[PDB]
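> Next up is a structure, given as structure tokens.
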Amino acid sequence: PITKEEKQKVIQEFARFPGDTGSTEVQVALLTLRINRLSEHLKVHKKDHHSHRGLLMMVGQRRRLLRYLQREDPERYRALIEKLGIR
Amino acid sequence: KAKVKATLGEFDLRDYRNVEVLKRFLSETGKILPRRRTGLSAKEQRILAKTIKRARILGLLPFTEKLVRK
Amino acid sequence: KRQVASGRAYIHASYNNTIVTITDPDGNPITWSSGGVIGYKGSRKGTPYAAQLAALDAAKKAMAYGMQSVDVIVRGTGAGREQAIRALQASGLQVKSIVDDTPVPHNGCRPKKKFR
Amino acid sequence: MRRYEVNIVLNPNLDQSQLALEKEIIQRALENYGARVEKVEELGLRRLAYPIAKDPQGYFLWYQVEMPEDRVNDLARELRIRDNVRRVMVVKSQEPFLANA
RNA sequence: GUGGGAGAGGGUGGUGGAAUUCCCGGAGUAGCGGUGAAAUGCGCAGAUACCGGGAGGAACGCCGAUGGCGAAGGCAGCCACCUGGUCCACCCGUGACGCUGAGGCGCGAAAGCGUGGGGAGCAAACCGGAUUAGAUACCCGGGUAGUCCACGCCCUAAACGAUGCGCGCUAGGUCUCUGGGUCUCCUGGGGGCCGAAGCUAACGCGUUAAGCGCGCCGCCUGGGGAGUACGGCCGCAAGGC
Ligand SMILES: [Mg+2]
Ligand SMILES: [Mg+2]
Ligand SMILES: [Mg+2]
Ligand SMILES: [Mg+2]
Ligand SMILES: [Mg+2]
Ligand SMILES: [Mg+2]
Ligand SMILES: [Mg+2]
Ligand SMILES: [Mg+2]
Ligand SMILES: [Mg+2]
Ligand SMILES: [Mg+2]
Ligand SMILES: [Mg+2]
Ligand SMILES: [Mg+2]
Ligand SMILES: [Mg+2]
Ligand SMILES: [Mg+2]
Ligand SMILES: [Mg+2]
Ligand SMILES: [Mg+2]
Ligand SMILES: [Mg+2]
Ligand SMILES: [Mg+2]
Ligand SMILES: [Mg+2]
Ligand SMILES: [Mg+2]
Ligand SMILES: [Mg+2]
Ligand SMILES: [Mg+2]
Ligand SMILES: [Mg+2]
Ligand SMILES: [Mg+2]
Ligand SMILES: [Mg+2]
Ligand SMILES: [Mg+2]
Ligand SMILES: [Mg+2]
Ligand SMILES: [Mg+2]
Ligand SMILES: [Mg+2]
Ligand SMILES: [Mg+2]
Ligand SMILES: [Mg+2]
Ligand SMILES: [Mg+2]
Ligand SMILES: [Mg+2]
Ligand SMILES: [Mg+2]
Ligand SMILES: [Mg+2]
Ligand SMILES: [Mg+2]
């Protein structure tokens, strides 16, 4: 799945500053990572519906955080979206 | 009557290969003993059941037995 | 014409009948009896007295074959499931051991509407 | 690569040529699928609780290994294809939960 | 975020034993089965019972609980892989990013439909045997669809805690599941049972509120007519809204 190696790689990649863990950018990054993992898990296993509900909730949370970022600072929002390739 | 854990050492509940101690937790038949006679907690019993099934599939513990004197 | 001198005895008891099969130490049968082998025809076959008479008749046929030492296997439940073993004990056959080997599934097949 | 425990129960009546052959075939299967062998315990002749393949006994093997995950099932299949191997149970390694501590 | 944890949560593939049925063989006679009694039925072409071997399908005994998981439907052999939800400790990061939610979209037991597989046991319809004033039923013997799998529909239910979601406040006692702790105990988070205040028409509810408050959604306005008619939408149809 997602081990601490890949997780820490992404976190240190998307940190606003050294030591930051829960920035909106990092939250959306880890969210999108698990999103892509699940959506590739749902390319196969079309009959896995509960994991699909989990994917729905993850999409919802990522979209809420992106809406918040767009409301607060649009430029960092554009940077994040272009960096992750969403929307 | 004595419960199994009361007369036993500091043994591994996750070792499916030790038939000597896993045999203590089976009944006269191949049935797994309830918690009344094993003296185990819920978690301990839940682990013991899976280890017993593992040992059964490896031909170490009997799936079922025959009752005597009936 | 066999002179077996030792063997097993299987008691299959139900709520409609009880039957006894006397066999040799490696599984092949020698004689047998039931509530219908003896006079009883209907539900009378399921009574403990019919089980006693069936066990005794099978035991005497085993005597004709020359049976002395007998191991007992029991499968099923019904009236006279025990009376068969009591008569088999007092029949003149030295009972080696009694065993209940009633086959019970691990929840494999769906029963009839009567059994649910 | 995760840690696994491979239990192998095979025919007991083998002599030394056959037994060494089957064991080296298991070794080649472990090599071909990337199974680093951490330790090995060979119990051998043991009295089974129920007959397996018409035989009341069996020969036992236990390998603690570290190998990639997505190859474990294919390795298990290739280990099962052998005729003399009657039982294959690959188990993910775990810590010794104790009782009556 | 970090670090731990429990679990029939879901999907995929593999795999184990018990039992039923069937087939091969051995040995073995005269019945078995079934019921309140019986009869149909099966058996001399050798049944039932017993032993060994083989095939196939379906379901997972003991563990098992008054237990656990899930949003609900619902989810129990074992193994591996893929994956969801959740809880606790640390007090680390962001800094109101929240709650609810018409519509929409997705899920949705069983039965039912379509195409193709599969088929042991069970079994609507049906075929017989009984019972009875009659038996179109209950009881017995057979037996098809179906039950099972793949894919696509169907969107119903006592889909029940007959109790929408979220948050805060308001005695405790007792049993329990799972974490943490300086571990007669305390502290979280779930599952029950008594019971303060209070509520209720009463039964009863009572920190798992049916109490005290707030936000938002759904629904109700006498019974029959009737979940019927017409209209629309959806559906292959049954039919549903
Ligand atoms: Mg009868
Ligand atoms: Mg093999
Ligand atoms: Mg599960
Ligand atoms: Mg599963
Ligand atoms: Mg035959
Ligand atoms: Mg005939
Ligand atoms: Mg006839
Ligand atoms: Mg005929
Ligand atoms: Mg077939
Ligand atoms: Mg139970
Ligand atoms: Mg998980
Ligand atoms: Mg802080
Ligand atoms: Mg700050
Ligand atoms: Mg919501
Ligand atoms: Mg809606
Ligand atoms: Mg449905
Ligand atoms: Mg269905
Ligand atoms: Mg169909
Ligand atoms: Mg039937
Ligand atoms: Mg009639
Ligand atoms: Mg019928
Ligand atoms: Mg309300
Ligand atoms: Mg503790
Ligand atoms: Mg729950
Ligand atoms: Mg509590
Ligand atoms: Mg309580
Ligand atoms: Mg009062
Ligand atoms: Mg109460
Ligand atoms: Mg409340
Ligand atoms: Mg009220
Ligand atoms: Mg209405
Ligand atoms: Mg009116
Ligand atoms: Mg209707
Ligand atoms: Mg219409
Ligand atoms: Mg139309
Ligand atoms: Mg209707």
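Identifiers in the structure tokens: chain A, B, ... in order shown; residue index from 1 per chain; ligand index from 1 in order shown.
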Residue B:9: which residues within 10 Å, counting only C-alpha atoms (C1' of nucleotides), same-chain residues fewer than 5 positions away excluded, as a PDB file with N, CA and C atoms, in the first residue's frame?

```pdb
ATOM      1  N   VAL B  21       1.171 -28.343  23.359  1.00  0.00           N
ATOM      2  CA  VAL B  21       0.358 -27.448  24.174  1.00  0.00           C
ATOM      3  C   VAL B  21      -0.982 -27.131  23.512  1.00  0.00           C
TER       4      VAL B  21
ATOM      5  N   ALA D  99       0.908 -15.900  26.516  1.00  0.00           N
ATOM      6  CA  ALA D  99      -0.200 -16.091  27.441  1.00  0.00           C
ATOM      7  C   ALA D  99       0.343 -16.627  28.755  1.00  0.00           C
ATOM      8  N   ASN D 100      -0.394 -16.356  29.835  1.00  0.00           N
ATOM      9  CA  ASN D 100       0.029 -16.719  31.190  1.00  0.00           C
ATOM     10  C   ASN D 100       1.410 -16.147  31.496  1.00  0.00           C
ATOM     11  N   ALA D 101       1.652 -14.932  31.009  1.00  0.00           N
ATOM     12  CA  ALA D 101       2.961 -14.287  31.087  1.00  0.00           C
ATOM     13  C   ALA D 101       3.485 -14.185  32.516  1.00  0.00           C
TER      14      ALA D 101
END
```
> Mind checking which residues fall within 10 Å of residue C:32, counting only C-alpha atoms (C1' of nucleotides), ignoring those fewer than 6 positions away in the same chain, and posting them as a PyMOL selection string?
(chain C and resi 9-11+19-23+54-55+57-59+61-62) or (chain E and resi 28-29+49-50)
> Could you list, as a ChimeraX atom specification, the residues of chain A having an atom within 10 Å of chain E when counting only C-alpha atoms (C1' of nucleotides)?
/A:1,11,19-27,37-38,41-42,44-56,64-69,71-72
> Take atom 1 (Mg, counted along the ligand's line) of ligand 32 and atom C1' of residue E:231 and report the distance between them in Å, one decimal.
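Separation of atom 1 (Mg, counted along the ligand's line) of ligand 32 and atom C1' of residue E:231: 22.6 Å.
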> Could you tell me, as a compact mmCIF listing (two decimals) with C-alpha atoms, in the first residue's frame, which residues of stretch 21-115 of chain C DSSP assigns to strand (DSSP E or B) when given the backbone?

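Saved as states09.txt:
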```txt
# COMPACT_ATOMS: atom_id res chain seq x y z
CA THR C 21 -24.59 -54.85 11.83
CA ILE C 22 -21.94 -57.21 13.21
CA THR C 23 -18.71 -57.07 11.19
CA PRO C 29 -19.99 -57.28 7.74
CA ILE C 30 -20.81 -60.72 9.08
CA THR C 31 -24.47 -60.58 10.11
CA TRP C 32 -27.14 -57.97 10.82
CA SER C 33 -30.64 -57.47 12.19
CA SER C 34 -33.26 -54.77 12.67
CA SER C 69 -15.00 -60.23 21.62
CA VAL C 70 -16.90 -57.24 20.22
CA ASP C 71 -16.09 -53.54 19.82
CA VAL C 72 -19.19 -51.33 19.66
CA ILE C 73 -19.78 -48.35 17.35
CA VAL C 74 -22.91 -46.21 17.77
CA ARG C 75 -24.33 -43.76 15.22
CA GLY C 76 -27.65 -41.93 15.52
CA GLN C 94 -17.71 -59.59 26.00
CA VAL C 95 -17.95 -55.90 25.11
CA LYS C 96 -14.50 -54.53 24.31
CA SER C 97 -15.41 -50.83 24.11
CA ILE C 98 -18.36 -48.59 23.25
CA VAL C 99 -17.88 -45.67 20.86
CA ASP C 100 -20.31 -43.00 19.63
```
> Given a cut-off of 9 Å, what residues near ligand 5 show up using only C-alpha atoms (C1' of nucleotides) and all ligand atoms, put as a PyMOL selection string?
chain E and resi 24-26+46
> My list of candidates is E:238, E:38, E:140, E:127. Which is closest to ligand 36 when distances are computed with only C-alpha atoms (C1' of nucleotides) and all ligand atoms?
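Looking at the shortest contact to ligand 36, the residue is E:238.
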> Ligand 15: which residues are within 10 Å, counting only C-alpha atoms (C1' of nucleotides) and all ligand atoms? Reply as a PDB file with N, CA and C atoms (P, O5', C5', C4', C3', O3' and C1' of nucleotides), in the first residue's frame.

```
ATOM      1  P     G E 101     -28.495  15.150   6.645  1.00  0.00           P
ATOM      2  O5'   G E 101     -28.889  15.865   5.275  1.00  0.00           O
ATOM      3  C5'   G E 101     -30.158  16.480   5.121  1.00  0.00           C
ATOM      4  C4'   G E 101     -30.170  17.477   3.988  1.00  0.00           C
ATOM      5  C3'   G E 101     -29.991  16.912   2.588  1.00  0.00           C
ATOM      6  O3'   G E 101     -31.198  16.368   2.081  1.00  0.00           O
ATOM      7  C1'   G E 101     -28.599  18.806   2.863  1.00  0.00           C
ATOM      8  P     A E 102     -31.278  15.704   0.618  1.00  0.00           P
ATOM      9  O5'   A E 102     -32.285  16.664  -0.157  1.00  0.00           O
ATOM     10  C5'   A E 102     -33.443  17.154   0.502  1.00  0.00           C
ATOM     11  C4'   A E 102     -34.374  17.886  -0.433  1.00  0.00           C
ATOM     12  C3'   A E 102     -34.491  17.347  -1.847  1.00  0.00           C
ATOM     13  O3'   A E 102     -35.296  16.189  -1.946  1.00  0.00           O
ATOM     14  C1'   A E 102     -34.313  19.698  -1.913  1.00  0.00           C
ATOM     15  P     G E 103     -34.777  14.923  -2.788  1.00  0.00           P
ATOM     16  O5'   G E 103     -34.159  15.559  -4.114  1.00  0.00           O
ATOM     17  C5'   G E 103     -35.007  15.949  -5.184  1.00  0.00           C
ATOM     18  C4'   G E 103     -34.257  16.612  -6.315  1.00  0.00           C
ATOM     19  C3'   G E 103     -33.390  15.722  -7.187  1.00  0.00           C
ATOM     20  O3'   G E 103     -34.124  14.927  -8.099  1.00  0.00           O
ATOM     21  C1'   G E 103     -32.242  17.730  -6.721  1.00  0.00           C
ATOM     22  P     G E 104     -33.708  13.392  -8.334  1.00  0.00           P
ATOM     23  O5'   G E 104     -32.193  13.466  -8.827  1.00  0.00           O
ATOM     24  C5'   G E 104     -31.852  14.041 -10.081  1.00  0.00           C
ATOM     25  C4'   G E 104     -30.365  14.257 -10.202  1.00  0.00           C
ATOM     26  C3'   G E 104     -29.503  13.006 -10.120  1.00  0.00           C
ATOM     27  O3'   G E 104     -29.427  12.306 -11.350  1.00  0.00           O
ATOM     28  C1'   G E 104     -28.617  14.658  -8.687  1.00  0.00           C
ATOM     29  P     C E 105     -29.644  10.714 -11.391  1.00  0.00           P
ATOM     30  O5'   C E 105     -28.260  10.122 -10.872  1.00  0.00           O
ATOM     31  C5'   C E 105     -27.035  10.456 -11.507  1.00  0.00           C
ATOM     32  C4'   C E 105     -25.858  10.139 -10.621  1.00  0.00           C
ATOM     33  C3'   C E 105     -25.837   8.737 -10.028  1.00  0.00           C
ATOM     34  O3'   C E 105     -25.341   7.758 -10.924  1.00  0.00           O
ATOM     35  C1'   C E 105     -25.423  10.309  -8.319  1.00  0.00           C
ATOM     36  P     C E 217     -34.283  22.971   5.977  1.00  0.00           P
ATOM     37  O5'   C E 217     -34.320  21.429   5.580  1.00  0.00           O
ATOM     38  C5'   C E 217     -33.556  20.948   4.485  1.00  0.00           C
ATOM     39  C4'   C E 217     -33.492  19.443   4.465  1.00  0.00           C
ATOM     40  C3'   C E 217     -34.819  18.711   4.367  1.00  0.00           C
ATOM     41  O3'   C E 217     -35.357  18.687   3.056  1.00  0.00           O
ATOM     42  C1'   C E 217     -33.485  17.695   6.026  1.00  0.00           C
TER      43        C E 217
END
```
> As a PyMOL selection string, which residues of chain C does DSSP assign to helix (DSSP H, G or I)?
chain C and resi 43-46+48-65+83-89+113-115
> For those residues, write N, CA and C atoms to a file as a compact mmCIF listing (two decimals), in the first residue's frame.

```txt
# COMPACT_ATOMS: atom_id res chain seq x y z
N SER C 43 -44.30 -48.44 13.16
CA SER C 43 -43.60 -47.68 14.19
C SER C 43 -43.11 -48.58 15.31
N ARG C 44 -43.68 -49.78 15.44
CA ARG C 44 -43.21 -50.77 16.40
C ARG C 44 -41.73 -51.07 16.25
N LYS C 45 -41.16 -50.83 15.06
CA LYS C 45 -39.73 -51.07 14.87
C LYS C 45 -38.86 -50.09 15.64
N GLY C 46 -39.39 -48.90 15.96
CA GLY C 46 -38.63 -47.90 16.66
C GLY C 46 -38.66 -47.98 18.17
N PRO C 48 -37.74 -49.40 21.98
CA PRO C 48 -36.51 -49.97 22.55
C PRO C 48 -36.53 -51.49 22.64
N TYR C 49 -37.70 -52.11 22.77
CA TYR C 49 -37.76 -53.56 22.82
C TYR C 49 -37.37 -54.17 21.48
N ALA C 50 -37.80 -53.55 20.38
CA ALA C 50 -37.37 -54.02 19.07
C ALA C 50 -35.86 -53.87 18.89
N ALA C 51 -35.29 -52.78 19.41
CA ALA C 51 -33.84 -52.62 19.37
C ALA C 51 -33.14 -53.71 20.17
N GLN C 52 -33.66 -54.03 21.35
CA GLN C 52 -33.10 -55.11 22.16
C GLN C 52 -33.15 -56.43 21.41
N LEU C 53 -34.31 -56.76 20.83
CA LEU C 53 -34.45 -58.02 20.12
C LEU C 53 -33.55 -58.07 18.89
N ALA C 54 -33.40 -56.94 18.19
CA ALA C 54 -32.53 -56.90 17.02
C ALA C 54 -31.08 -57.11 17.41
N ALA C 55 -30.63 -56.43 18.46
CA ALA C 55 -29.27 -56.63 18.94
C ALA C 55 -29.04 -58.08 19.36
N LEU C 56 -30.01 -58.68 20.05
CA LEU C 56 -29.87 -60.06 20.51
C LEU C 56 -29.84 -61.04 19.33
N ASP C 57 -30.70 -60.82 18.33
CA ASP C 57 -30.72 -61.70 17.17
C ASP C 57 -29.42 -61.60 16.38
N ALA C 58 -28.92 -60.38 16.18
CA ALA C 58 -27.64 -60.21 15.51
C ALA C 58 -26.52 -60.86 16.31
N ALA C 59 -26.56 -60.72 17.64
CA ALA C 59 -25.52 -61.32 18.48
C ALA C 59 -25.55 -62.84 18.39
N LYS C 60 -26.75 -63.44 18.31
CA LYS C 60 -26.84 -64.89 18.21
C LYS C 60 -26.39 -65.38 16.84
N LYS C 61 -26.70 -64.62 15.79
CA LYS C 61 -26.14 -64.97 14.49
C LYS C 61 -24.62 -64.89 14.52
N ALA C 62 -24.06 -63.89 15.22
CA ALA C 62 -22.61 -63.80 15.41
C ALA C 62 -22.08 -65.01 16.18
N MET C 63 -22.83 -65.48 17.19
CA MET C 63 -22.48 -66.73 17.86
C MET C 63 -22.41 -67.88 16.87
N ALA C 64 -23.39 -67.95 15.96
CA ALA C 64 -23.34 -68.94 14.90
C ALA C 64 -22.07 -68.78 14.07
N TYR C 65 -21.61 -67.54 13.88
CA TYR C 65 -20.33 -67.34 13.22
C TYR C 65 -19.15 -67.53 14.16
N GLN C 83 -30.79 -49.14 24.74
CA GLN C 83 -31.25 -50.50 25.01
C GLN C 83 -30.56 -51.51 24.10
N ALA C 84 -30.26 -51.13 22.86
CA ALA C 84 -29.49 -52.02 22.00
C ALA C 84 -28.14 -52.33 22.62
N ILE C 85 -27.47 -51.32 23.17
CA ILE C 85 -26.16 -51.56 23.78
C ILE C 85 -26.30 -52.36 25.07
N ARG C 86 -27.39 -52.16 25.82
CA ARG C 86 -27.58 -52.93 27.05
C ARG C 86 -27.78 -54.41 26.74
N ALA C 87 -28.67 -54.72 25.78
CA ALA C 87 -28.85 -56.10 25.37
C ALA C 87 -27.57 -56.67 24.78
N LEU C 88 -26.82 -55.86 24.02
CA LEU C 88 -25.56 -56.32 23.45
C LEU C 88 -24.53 -56.61 24.54
N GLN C 89 -24.59 -55.87 25.64
CA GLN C 89 -23.72 -56.16 26.78
C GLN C 89 -24.11 -57.47 27.43
N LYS C 113 -37.38 -29.39 5.28
CA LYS C 113 -38.19 -28.45 6.04
C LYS C 113 -38.50 -28.97 7.44
N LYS C 114 -38.53 -30.30 7.61
CA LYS C 114 -38.76 -30.88 8.93
C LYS C 114 -37.65 -30.51 9.91
N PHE C 115 -36.42 -30.34 9.42
CA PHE C 115 -35.24 -30.21 10.27
C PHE C 115 -34.76 -28.77 10.40
```
> For ligand 1, collect every residue having any atom at a distance of at most 10 Å from a ligand atom (counting only C-alpha atoms (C1' of nucleotides) and all ligand atoms); output as a PyMOL selection string.
(chain C and resi 14-18+35-36+40-47) or (chain E and resi 32-35)
> Residues within 12 Å of residue E:239, please, as a VMD selection string. Count only C-alpha atoms (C1' of nucleotides); anything in the same chain fewer than 2 positions from it doesn't count.
chain E and resid 112 to 113 154 to 156 234 to 237 241
> As an exercise, work out the distance from atom CA of residue A:58 to atom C1' of residue E:72 in Å and give it to one decimal place.
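That distance, rounded to one decimal, is 19.6 Å.
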> Produce as an MDAnalysis selection string the set of residues near ligand 28, where near means within 10 Å with only C-alpha atoms (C1' of nucleotides) and all ligand atoms considered.
chainID E and resid 193:195 204:206
> Print the selection's residues with C-alpha atoms (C1' of nucleotides) to a file, as a PDB file, in the first residue's frame.

```
ATOM      1  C1'   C E 193     -28.877  -3.974  31.883  1.00  0.00           C
ATOM      2  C1'   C E 194     -31.007  -1.111  36.281  1.00  0.00           C
ATOM      3  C1'   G E 195     -32.071   3.506  37.672  1.00  0.00           C
ATOM      4  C1'   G E 204     -41.946   3.028  29.116  1.00  0.00           C
ATOM      5  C1'   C E 205     -37.160   6.583  27.898  1.00  0.00           C
ATOM      6  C1'   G E 206     -33.474   7.997  31.115  1.00  0.00           C
TER       7        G E 206
END
```
